[PDB]
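Structure data follow from entry_13.cif (mmCIF, C-alpha atoms):
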data_input
#
loop_
_atom_site.group_PDB
_atom_site.id
_atom_site.type_symbol
_atom_site.label_atom_id
_atom_site.label_comp_id
_atom_site.auth_asym_id
_atom_site.auth_seq_id
_atom_site.Cartn_x
_atom_site.Cartn_y
_atom_site.Cartn_z
ATOM 1 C CA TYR A 1 -16.352 12.475 -29.535
ATOM 2 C CA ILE A 2 -15.239 9.582 -27.324
ATOM 3 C CA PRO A 3 -17.943 7.119 -26.182
ATOM 4 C CA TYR A 4 -16.270 6.140 -22.883
ATOM 5 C CA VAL A 5 -14.604 8.319 -20.249
ATOM 6 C CA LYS A 6 -14.676 6.106 -17.106
ATOM 7 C CA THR A 7 -15.875 8.605 -14.517
ATOM 8 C CA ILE A 8 -16.189 7.884 -10.793
ATOM 9 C CA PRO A 9 -19.361 9.503 -9.392
ATOM 10 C CA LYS A 10 -19.408 10.605 -5.767
ATOM 11 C CA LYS A 11 -21.699 12.493 -3.397
ATOM 12 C CA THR A 12 -20.335 16.037 -3.081
ATOM 13 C CA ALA A 13 -21.801 19.255 -1.707
ATOM 14 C CA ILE A 14 -20.640 22.850 -1.272
ATOM 15 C CA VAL A 15 -20.994 23.723 2.411
ATOM 16 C CA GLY A 16 -19.348 27.135 2.606
ATOM 17 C CA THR A 17 -17.243 29.804 0.928
ATOM 18 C CA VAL A 18 -14.092 31.174 2.546
ATOM 19 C CA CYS A 19 -14.216 34.894 3.322
ATOM 20 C CA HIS A 20 -11.333 35.563 5.747
ATOM 21 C CA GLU A 21 -7.885 33.986 6.073
ATOM 22 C CA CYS A 22 -6.637 34.079 9.664
ATOM 23 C CA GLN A 23 -3.307 33.225 11.287
ATOM 24 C CA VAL A 24 -3.359 32.246 14.965
ATOM 25 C CA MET A 25 -0.405 33.729 16.857
ATOM 26 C CA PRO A 26 0.049 33.583 20.653
ATOM 27 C CA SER A 27 -0.390 36.944 22.341
ATOM 28 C CA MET A 28 2.829 38.642 23.422
ATOM 29 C CA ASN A 29 1.112 39.903 26.607
ATOM 30 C CA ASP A 30 -0.177 36.533 27.833
ATOM 31 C CA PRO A 31 1.021 35.159 31.202
ATOM 32 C CA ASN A 32 1.445 31.686 29.686
ATOM 33 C CA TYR A 33 3.516 33.154 26.843
ATOM 34 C CA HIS A 34 7.222 32.206 26.552
ATOM 35 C CA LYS A 35 6.267 28.586 27.251
ATOM 36 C CA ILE A 36 5.787 28.195 23.500
ATOM 37 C CA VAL A 37 9.196 29.825 23.083
ATOM 38 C CA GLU A 38 10.792 27.062 25.155
ATOM 39 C CA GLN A 39 8.832 24.403 23.263
ATOM 40 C CA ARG A 40 9.896 25.822 19.886
ATOM 41 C CA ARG A 41 13.521 26.010 21.017
ATOM 42 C CA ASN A 42 13.261 22.367 22.085
ATOM 43 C CA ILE A 43 11.855 21.499 18.645
ATOM 44 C CA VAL A 44 15.375 22.047 17.281
ATOM 45 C CA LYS A 45 17.474 21.421 20.399
ATOM 46 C CA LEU A 46 16.173 17.876 20.892
ATOM 47 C CA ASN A 47 17.610 15.170 18.627
ATOM 48 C CA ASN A 48 15.494 12.123 17.811
ATOM 49 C CA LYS A 49 18.289 9.905 16.503
ATOM 50 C CA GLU A 50 20.263 7.484 18.680
ATOM 51 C CA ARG A 51 23.662 5.796 18.323
ATOM 52 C CA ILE A 52 24.648 2.327 17.173
ATOM 53 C CA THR A 53 24.701 -0.417 19.810
ATOM 54 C CA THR A 54 28.050 -2.008 20.674
ATOM 55 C CA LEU A 55 28.245 -5.575 21.974
ATOM 56 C CA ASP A 56 30.308 -5.825 25.166
ATOM 57 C CA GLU A 57 30.273 -9.638 25.222
ATOM 58 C CA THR A 58 33.308 -11.747 24.381
ATOM 59 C CA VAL A 59 34.121 -11.702 20.674
ATOM 60 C CA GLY A 60 34.304 -15.491 20.494
ATOM 61 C CA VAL A 61 30.915 -15.831 22.168
ATOM 62 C CA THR A 62 29.432 -13.332 19.712
ATOM 63 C CA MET A 63 31.016 -15.170 16.757
ATOM 64 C CA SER A 64 29.962 -18.646 17.934
ATOM 65 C CA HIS A 65 26.870 -18.369 15.684
ATOM 66 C CA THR A 66 28.858 -17.447 12.550
ATOM 67 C CA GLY A 67 30.210 -19.639 9.776
ATOM 68 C CA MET A 68 30.666 -23.369 10.272
ATOM 69 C CA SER A 69 28.974 -23.738 13.659
ATOM 70 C CA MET A 70 28.124 -26.984 15.407
ATOM 71 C CA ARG A 71 24.575 -25.835 16.153
ATOM 72 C CA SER A 72 22.045 -26.655 13.447
ATOM 73 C CA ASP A 73 19.503 -24.081 12.312
ATOM 74 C CA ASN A 74 16.004 -24.665 13.692
ATOM 75 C CA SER A 75 14.270 -22.141 11.420
ATOM 76 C CA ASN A 76 11.406 -23.259 9.175
ATOM 77 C CA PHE A 77 11.569 -20.309 6.763
ATOM 78 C CA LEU A 78 11.617 -20.986 3.011
ATOM 79 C CA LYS A 79 11.625 -24.757 3.577
ATOM 80 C CA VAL A 80 10.123 -25.432 0.156
ATOM 81 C CA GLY A 81 12.303 -28.501 -0.323
ATOM 82 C CA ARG A 82 11.067 -30.055 2.916
ATOM 83 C CA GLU A 83 7.475 -29.022 2.205
ATOM 84 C CA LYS A 84 7.314 -30.749 -1.177
ATOM 85 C CA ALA A 85 9.688 -33.643 -0.410
ATOM 86 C CA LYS A 86 7.789 -34.863 2.660
ATOM 87 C CA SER A 87 4.861 -35.961 0.473
ATOM 88 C CA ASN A 88 5.482 -39.084 -1.622
ATOM 89 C CA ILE A 89 3.163 -41.908 -2.726
ATOM 90 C CA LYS A 90 3.589 -44.798 -5.177
ATOM 91 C CA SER A 91 1.300 -47.305 -6.892
ATOM 92 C CA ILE A 92 1.211 -50.883 -8.184
ATOM 93 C CA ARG A 93 0.711 -52.238 -11.719
ATOM 94 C CA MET A 94 -2.960 -53.104 -11.636
ATOM 95 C CA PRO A 95 -3.920 -55.316 -14.592
ATOM 96 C CA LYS A 96 -4.327 -53.531 -17.906
ATOM 97 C CA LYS A 97 -7.836 -54.926 -18.399
ATOM 98 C CA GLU A 98 -9.222 -52.611 -15.683
ATOM 99 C CA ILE A 99 -7.239 -49.410 -16.210
ATOM 100 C CA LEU A 100 -8.215 -49.755 -19.877
ATOM 101 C CA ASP A 101 -11.933 -49.308 -19.159
ATOM 102 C CA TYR A 102 -11.008 -46.650 -16.599
ATOM 103 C CA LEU A 103 -9.154 -44.770 -19.352
ATOM 104 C CA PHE A 104 -12.129 -45.106 -21.689
ATOM 105 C CA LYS A 105 -14.460 -43.509 -19.143
ATOM 106 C CA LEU A 106 -11.868 -40.800 -18.418
ATOM 107 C CA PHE A 107 -11.579 -40.085 -22.148
ATOM 108 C CA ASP A 108 -15.369 -39.886 -22.378
ATOM 109 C CA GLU A 109 -15.181 -37.289 -19.602
ATOM 110 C CA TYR A 110 -12.538 -35.327 -21.538
ATOM 111 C CA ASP A 111 -10.978 -35.813 -24.973
ATOM 112 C CA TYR A 112 -7.601 -34.043 -24.562
ATOM 113 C CA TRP A 113 -5.757 -35.075 -21.417
ATOM 114 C CA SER A 114 -2.154 -34.385 -20.404
ATOM 115 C CA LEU A 115 0.535 -36.798 -19.221
ATOM 116 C CA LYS A 116 0.982 -35.267 -15.761
ATOM 117 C CA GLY A 117 -2.774 -35.243 -15.242
ATOM 118 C CA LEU A 118 -2.914 -38.855 -16.407
ATOM 119 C CA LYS A 119 -0.245 -39.930 -13.931
ATOM 120 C CA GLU A 120 -2.086 -38.073 -11.166
ATOM 121 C CA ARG A 121 -5.571 -39.385 -11.962
ATOM 122 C CA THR A 122 -4.736 -42.998 -12.842
ATOM 123 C CA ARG A 123 -2.063 -43.127 -10.104
ATOM 124 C CA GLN A 124 0.162 -45.414 -12.165
ATOM 125 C CA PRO A 125 3.842 -45.444 -13.136
ATOM 126 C CA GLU A 126 4.684 -43.858 -16.464
ATOM 127 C CA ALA A 127 6.490 -46.998 -17.653
ATOM 128 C CA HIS A 128 3.373 -49.178 -17.498
ATOM 129 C CA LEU A 129 0.987 -46.349 -18.391
ATOM 130 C CA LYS A 130 2.755 -45.576 -21.684
ATOM 131 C CA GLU A 131 2.254 -49.067 -23.118
ATOM 132 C CA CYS A 132 -1.537 -48.984 -22.789
ATOM 133 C CA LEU A 133 -1.723 -45.285 -23.665
ATOM 134 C CA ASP A 134 0.096 -45.942 -26.941
ATOM 135 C CA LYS A 135 -1.926 -49.103 -27.593
ATOM 136 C CA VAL A 136 -5.276 -47.293 -27.280
ATOM 137 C CA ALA A 137 -4.505 -43.583 -27.807
ATOM 138 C CA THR A 138 -1.967 -41.446 -29.662
ATOM 139 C CA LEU A 139 -0.265 -38.126 -28.942
ATOM 140 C CA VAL A 140 -0.945 -35.081 -31.120
ATOM 141 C CA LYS A 141 2.342 -33.191 -31.499
ATOM 142 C CA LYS A 142 1.584 -30.714 -34.307
ATOM 143 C CA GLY A 143 -2.094 -30.013 -33.618
ATOM 144 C CA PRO A 144 -3.347 -27.039 -31.607
ATOM 145 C CA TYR A 145 -3.837 -29.309 -28.575
ATOM 146 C CA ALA A 146 -0.177 -30.272 -28.617
ATOM 147 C CA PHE A 147 1.520 -32.343 -25.896
ATOM 148 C CA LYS A 148 -1.844 -33.953 -25.020
ATOM 149 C CA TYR A 149 -2.511 -37.659 -25.472
ATOM 150 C CA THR A 150 -5.806 -38.328 -27.249
ATOM 151 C CA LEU A 151 -7.610 -41.500 -28.266
ATOM 152 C CA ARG A 152 -6.674 -42.770 -31.708
ATOM 153 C CA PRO A 153 -9.229 -41.927 -34.426
ATOM 154 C CA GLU A 154 -9.788 -45.639 -35.102
ATOM 155 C CA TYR A 155 -11.711 -45.963 -31.822
ATOM 156 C CA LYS A 156 -12.576 -42.289 -31.294
ATOM 157 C CA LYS A 157 -14.666 -42.178 -34.496
ATOM 158 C CA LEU A 158 -17.418 -44.317 -32.992
ATOM 159 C CA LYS B 1 25.865 39.559 -12.542
ATOM 160 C CA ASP B 2 29.083 37.743 -13.368
ATOM 161 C CA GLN B 3 29.311 34.025 -14.051
ATOM 162 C CA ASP B 4 29.637 31.993 -10.865
ATOM 163 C CA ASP B 5 33.261 31.367 -9.920
ATOM 164 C CA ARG B 6 34.115 27.666 -10.014
ATOM 165 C CA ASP B 7 37.046 28.046 -7.589
ATOM 166 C CA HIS B 8 34.937 29.533 -4.777
ATOM 167 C CA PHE B 9 35.713 27.385 -1.740
ATOM 168 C CA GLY B 10 32.190 27.998 -0.427
ATOM 169 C CA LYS B 11 30.759 25.984 -3.329
ATOM 170 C CA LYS B 12 33.201 23.115 -2.680
ATOM 171 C CA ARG B 13 32.883 20.165 -0.314
ATOM 172 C CA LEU B 14 35.543 17.972 1.291
ATOM 173 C CA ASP B 15 34.607 14.296 1.588
ATOM 174 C CA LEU B 16 36.342 12.676 4.557
ATOM 175 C CA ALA B 17 36.497 8.986 5.482
ATOM 176 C CA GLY B 18 32.874 9.264 6.599
ATOM 177 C CA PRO B 19 31.055 9.960 3.327
ATOM 178 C CA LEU B 20 33.502 7.848 1.306
ATOM 179 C CA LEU B 21 32.893 4.746 3.406
ATOM 180 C CA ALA B 22 29.193 5.645 3.444
ATOM 181 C CA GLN B 23 28.849 5.463 -0.337
ATOM 182 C CA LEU B 24 31.120 2.419 -0.606
ATOM 183 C CA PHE B 25 29.036 0.622 2.028
ATOM 184 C CA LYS B 26 25.859 1.672 0.221
ATOM 185 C CA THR B 27 27.076 0.026 -2.987
ATOM 186 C CA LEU B 28 28.284 -3.118 -1.218
ATOM 187 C CA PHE B 29 25.041 -3.457 0.763
ATOM 188 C CA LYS B 30 22.997 -3.090 -2.420
ATOM 189 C CA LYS B 31 25.053 -5.917 -3.921
ATOM 190 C CA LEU B 32 24.506 -8.013 -0.783
ATOM 191 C CA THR B 33 20.736 -7.508 -0.897
ATOM 192 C CA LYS B 34 20.725 -8.428 -4.585
ATOM 193 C CA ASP B 35 22.573 -11.648 -3.747
ATOM 194 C CA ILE B 36 20.084 -12.426 -0.967
ATOM 195 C CA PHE B 37 17.170 -12.005 -3.371
ATOM 196 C CA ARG B 38 18.922 -14.183 -5.951
ATOM 197 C CA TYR B 39 19.347 -16.944 -3.370
ATOM 198 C CA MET B 40 15.674 -16.657 -2.414
ATOM 199 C CA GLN B 41 14.603 -17.003 -6.049
ATOM 200 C CA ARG B 42 16.964 -19.924 -6.634
ATOM 201 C CA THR B 43 15.767 -21.875 -3.604
ATOM 202 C CA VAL B 44 12.082 -21.227 -4.326
ATOM 203 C CA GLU B 45 12.426 -22.248 -7.980
ATOM 204 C CA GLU B 46 14.859 -25.181 -7.849
ATOM 205 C CA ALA B 47 13.221 -26.573 -4.676
ATOM 206 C CA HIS B 48 16.212 -26.393 -2.343
ATOM 207 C CA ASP B 49 16.539 -25.784 1.380
ATOM 208 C CA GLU C 1 -16.853 2.680 -6.520
ATOM 209 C CA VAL C 2 -16.088 2.385 -10.233
ATOM 210 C CA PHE C 3 -18.959 3.212 -12.578
ATOM 211 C CA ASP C 4 -19.663 3.940 -16.227
ATOM 212 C CA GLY C 5 -18.889 7.345 -17.701
ATOM 213 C CA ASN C 6 -21.224 9.142 -20.096
ATOM 214 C CA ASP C 7 -23.926 6.580 -19.223
ATOM 215 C CA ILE C 8 -26.142 7.135 -22.256
ATOM 216 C CA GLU C 9 -28.123 4.055 -21.165
ATOM 217 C CA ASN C 10 -29.512 5.862 -18.079
ATOM 218 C CA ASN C 11 -28.078 3.290 -15.671
ATOM 219 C CA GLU C 12 -27.710 5.776 -12.798
ATOM 220 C CA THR C 13 -31.468 5.705 -12.148
ATOM 221 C CA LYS C 14 -31.192 2.164 -10.760
ATOM 222 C CA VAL C 15 -27.494 1.999 -9.847
ATOM 223 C CA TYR C 16 -27.697 5.072 -7.579
ATOM 224 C CA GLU C 17 -30.652 6.088 -5.394
ATOM 225 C CA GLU C 18 -29.339 9.627 -4.816
ATOM 226 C CA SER C 19 -28.809 12.713 -6.947
ATOM 227 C CA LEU C 20 -25.354 12.884 -8.529
ATOM 228 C CA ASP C 21 -25.438 16.681 -8.933
ATOM 229 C CA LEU C 22 -23.421 18.990 -6.705
ATOM 230 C CA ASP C 23 -25.577 20.323 -3.861
ATOM 231 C CA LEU C 24 -25.385 24.125 -4.107
ATOM 232 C CA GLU C 25 -27.644 25.009 -1.182
ATOM 233 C CA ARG C 26 -25.312 25.792 1.746
ATOM 234 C CA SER C 27 -22.806 27.741 -0.370
ATOM 235 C CA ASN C 28 -24.118 30.998 1.150
ATOM 236 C CA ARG C 29 -22.280 30.335 4.410
ATOM 237 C CA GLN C 30 -19.400 32.432 5.714
ATOM 238 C CA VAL C 31 -16.292 30.361 6.451
ATOM 239 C CA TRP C 32 -12.934 31.321 7.971
ATOM 240 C CA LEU C 33 -9.718 29.616 6.847
ATOM 241 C CA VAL C 34 -7.532 29.632 9.970
ATOM 242 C CA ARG C 35 -3.907 28.489 10.156
ATOM 243 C CA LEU C 36 -2.965 27.198 13.615
ATOM 244 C CA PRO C 37 0.434 26.560 15.235
ATOM 245 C CA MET C 38 1.747 23.023 15.531
ATOM 246 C CA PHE C 39 0.980 22.662 19.244
ATOM 247 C CA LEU C 40 -2.638 23.783 18.834
ATOM 248 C CA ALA C 41 -3.214 21.796 15.635
ATOM 249 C CA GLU C 42 -1.849 18.573 17.156
ATOM 250 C CA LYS C 43 -4.731 18.671 19.663
ATOM 251 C CA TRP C 44 -7.422 20.293 17.488
ATOM 252 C CA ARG C 45 -6.997 17.888 14.540
ATOM 253 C CA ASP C 46 -7.175 14.764 16.722
ATOM 254 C CA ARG C 47 -9.795 12.154 15.839
ATOM 255 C CA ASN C 48 -10.164 10.776 19.389
ATOM 256 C CA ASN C 49 -11.448 14.209 20.481
ATOM 257 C CA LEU C 50 -13.909 16.866 19.269
ATOM 258 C CA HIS C 51 -17.028 15.438 20.906
ATOM 259 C CA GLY C 52 -18.803 18.808 20.741
ATOM 260 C CA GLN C 53 -17.242 20.414 23.818
ATOM 261 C CA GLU C 54 -16.634 24.160 24.021
ATOM 262 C CA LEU C 55 -13.090 24.869 22.828
ATOM 263 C CA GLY C 56 -13.258 28.550 23.796
ATOM 264 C CA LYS C 57 -14.585 31.802 22.352
ATOM 265 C CA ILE C 58 -13.819 34.435 19.708
ATOM 266 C CA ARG C 59 -13.676 38.105 20.692
ATOM 267 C CA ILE C 60 -13.901 40.736 17.940
ATOM 268 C CA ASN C 61 -13.790 44.466 18.594
ATOM 269 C CA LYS C 62 -16.906 46.385 17.598
ATOM 270 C CA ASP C 63 -14.894 48.662 15.291
ATOM 271 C CA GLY C 64 -12.899 45.712 13.940
ATOM 272 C CA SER C 65 -9.224 45.675 12.954
ATOM 273 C CA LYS C 66 -8.400 43.325 15.861
ATOM 274 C CA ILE C 67 -9.634 39.777 16.506
ATOM 275 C CA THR C 68 -8.600 37.455 19.330
ATOM 276 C CA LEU C 69 -9.129 33.858 20.438
ATOM 277 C CA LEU C 70 -9.792 33.163 24.126
ATOM 278 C CA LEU C 71 -9.437 29.461 24.872
ATOM 279 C CA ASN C 72 -11.137 27.806 27.826
ATOM 280 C CA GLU C 73 -9.315 26.442 30.882
ATOM 281 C CA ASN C 74 -9.152 22.937 29.357
ATOM 282 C CA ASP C 75 -5.614 23.455 28.003
ATOM 283 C CA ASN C 76 -4.084 22.381 31.353
ATOM 284 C CA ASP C 77 -2.307 25.745 31.777
ATOM 285 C CA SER C 78 0.328 24.502 29.315
ATOM 286 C CA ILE C 79 -0.378 26.918 26.431
ATOM 287 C CA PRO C 80 -1.507 30.549 26.241
ATOM 288 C CA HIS C 81 -5.206 31.210 26.728
ATOM 289 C CA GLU C 82 -5.117 34.293 24.449
ATOM 290 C CA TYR C 83 -4.203 34.440 20.755
ATOM 291 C CA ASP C 84 -4.399 37.044 17.986
ATOM 292 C CA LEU C 85 -6.069 36.241 14.659
ATOM 293 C CA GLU C 86 -3.998 38.100 12.057
ATOM 294 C CA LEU C 87 -6.129 38.619 8.939
ATOM 295 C CA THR C 88 -3.699 37.732 6.161
ATOM 296 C CA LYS C 89 -6.413 38.445 3.561
ATOM 297 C CA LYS C 90 -9.418 40.576 4.502
ATOM 298 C CA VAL C 91 -11.020 39.819 1.115
ATOM 299 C CA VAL C 92 -10.631 36.276 -0.231
ATOM 300 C CA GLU C 93 -11.744 35.114 -3.673
ATOM 301 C CA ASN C 94 -12.165 31.748 -5.384
ATOM 302 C CA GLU C 95 -11.999 29.698 -2.162
ATOM 303 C CA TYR C 96 -14.754 27.232 -1.263
ATOM 304 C CA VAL C 97 -15.237 24.195 0.978
ATOM 305 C CA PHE C 98 -16.804 20.992 -0.356
ATOM 306 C CA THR C 99 -17.461 17.583 1.185
ATOM 307 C CA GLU C 100 -17.151 14.086 -0.282
ATOM 308 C CA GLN C 101 -19.335 11.067 0.508
ATOM 309 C CA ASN C 102 -20.122 7.750 -1.145
ATOM 310 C CA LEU C 103 -23.374 7.046 -2.985
ATOM 311 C CA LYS C 104 -25.882 4.267 -2.395
ATOM 312 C CA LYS C 105 -25.152 1.448 -4.847
ATOM 313 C CA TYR C 106 -28.530 -0.339 -4.596
ATOM 314 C CA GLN C 107 -31.614 0.903 -6.439
#

Can you present the structure in this file as structure tokens?
Amino acid sequence: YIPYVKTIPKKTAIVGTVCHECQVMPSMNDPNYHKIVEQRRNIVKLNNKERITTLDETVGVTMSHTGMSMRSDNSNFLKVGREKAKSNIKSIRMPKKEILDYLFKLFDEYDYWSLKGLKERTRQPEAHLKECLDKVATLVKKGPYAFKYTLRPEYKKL
Amino acid sequence: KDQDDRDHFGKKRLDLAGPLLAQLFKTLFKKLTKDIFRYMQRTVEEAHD
Amino acid sequence: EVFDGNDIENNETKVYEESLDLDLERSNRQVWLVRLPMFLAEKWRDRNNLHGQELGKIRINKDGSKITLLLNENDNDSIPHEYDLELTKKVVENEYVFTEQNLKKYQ
């Protein structure tokens, strides 16, 4: 057999059995009869669909918004470039003697830390950061934790 | 019964300028929508306006 | 409402506080399957109505063979007040009506 079937239980109850099938039809001898006839005729006579709308304005006025137009778009839709370009922050070269201890505590927090995360956390330029990062740590390129700078074994094995 | 006659004009249809332009416009509009989606993907990915 | 299948661990005892077996107690209840016209169904299947008011009455001849529906005067004199119920199948087999409700998930 199969050990799992993944059923979905629910609360169900049988509350009757059908005995007669009935069709409701308006009586032919009813005073209100032949109103349904008109309604049913209208069901087909009436048409839901409409026609296309034609612009009666001047063609030049209608085309003023097309192509190379003087007016500049004011829409804010899909403004990803604006959204991510507005934010921008830079940092100074604080002396190595402080960021070095900061990096040691960060490494103690975690032992395999990426370059983008390092730039974010230390908030330093890559040019200056690389010198100290190479001086203290090394990058594992072939190991399973590839692309992640890690402290050199000389100081890590302590 | 005999095999259906292929020349029976009742089983034939005449496509006027209406249906022809309809299908041509369908194809062209599908291409236009594809281009719109491509532009959306390009702007979202490459970070353009 | 996803749940285990075979449940050989007897988890239903605590997962559900209600019997999971089909309730075969009201099955002995005569039920009529009635097909209505569009105009009548559009006002009898509405969810913003059916508060328990009297929709009309059913008149059946003593000797049978003829059944009629007499609606009340709530139709706004826009549709017939008298209809005929044509029995498309006097004897009907293998047709039942069942409900569906959720189960308590706690205890």

Subject >> Among listed residues C:48, C:27, C:11, C:74, nearest chain A (using only C-alpha atoms) >> reply: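 Checking each of C:48, C:27, C:11, C:74 against chain A, counting only C-alpha atoms, the winner is C:27.
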
Original post:
So which residues get picked by the PyMOL selection byres ((chain C and resi 39) around 10) here, written as a list in words?
Top reply: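 With the shown file as input, the PyMOL selection byres ((chain C and resi 39) around 10) matches residues 36, 39 and 40 of chain A; 36, 37, 38, 40, 41, 42, 43, 44 and 79 of chain C.
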
**OP:** Considering all atoms listed in the file, extract the chain B residues located within 7 Å of chain A and return them as a list in words.
**Re:**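 The selection requested is residues 44, 47, 48 and 49 of chain B.
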
Expected file contents, prior selection, C-alpha atoms, as a PDB file, in the coordinates of the input:
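Result file follows (selection.pdb):
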ATOM      1  CA  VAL B  44      12.082 -21.227  -4.326  1.00  0.00           C
ATOM      2  CA  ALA B  47      13.221 -26.573  -4.676  1.00  0.00           C
ATOM      3  CA  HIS B  48      16.212 -26.393  -2.343  1.00  0.00           C
ATOM      4  CA  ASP B  49      16.539 -25.784   1.380  1.00  0.00           C
TER       5      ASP B  49
END

**OP:** Residues of chain A near chain C: apply a cut-off of 6 Å, count all atoms listed in the file, and supply the list as number ranges by chain.
**Re:** A: 4-8, 10-27, 32-33

Original post:
How many Å separate CA of residue 32 in chain B from CA of residue 55 in chain A?
Top reply: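 Atom-to-atom, CA of residue 32 in chain B to CA of residue 55 in chain A, that is 23.2 Å.
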
**OP:** Run the PyMOL selection byres ((chain C and resi 54-56) around 9) on the file and write out the hits as a PyMOL selection string.
**Re:** chain C and resi 50+52-53+57-58+69-74+81

Subject >> Interatomic distance, CA of residue 65 in chain C to CA of residue 34 in chain A (Å, one decimal) >> reply: 25.2 Å

Original post:
What does the distance between CA of residue 107 in chain A and CA of residue 149 in chain A come to in Å, to one decimal place?
Top reply: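 Those two atoms sit 10.0 Å apart.
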
For range 15-29 of chain C, what centre and edge lengths in Å (one decimal) does the axis-aligned box get once 5 Å is added on each side of all its listed atoms, as lines of an AutoDock Vina configuration file?
center_x = -26.5
center_y = 16.5
center_z = -2.7
size_x = 18.4
size_y = 39.0
size_z = 24.3

**OP:** Carefully work through the PyMOL selection byres ((chain A and resi 129) around 12) for this structure and note down the residues it includes, as a PyMOL selection string.
**Re:** chain A and resi 91-96+99-100+103+115-116+118-128+130-137+149
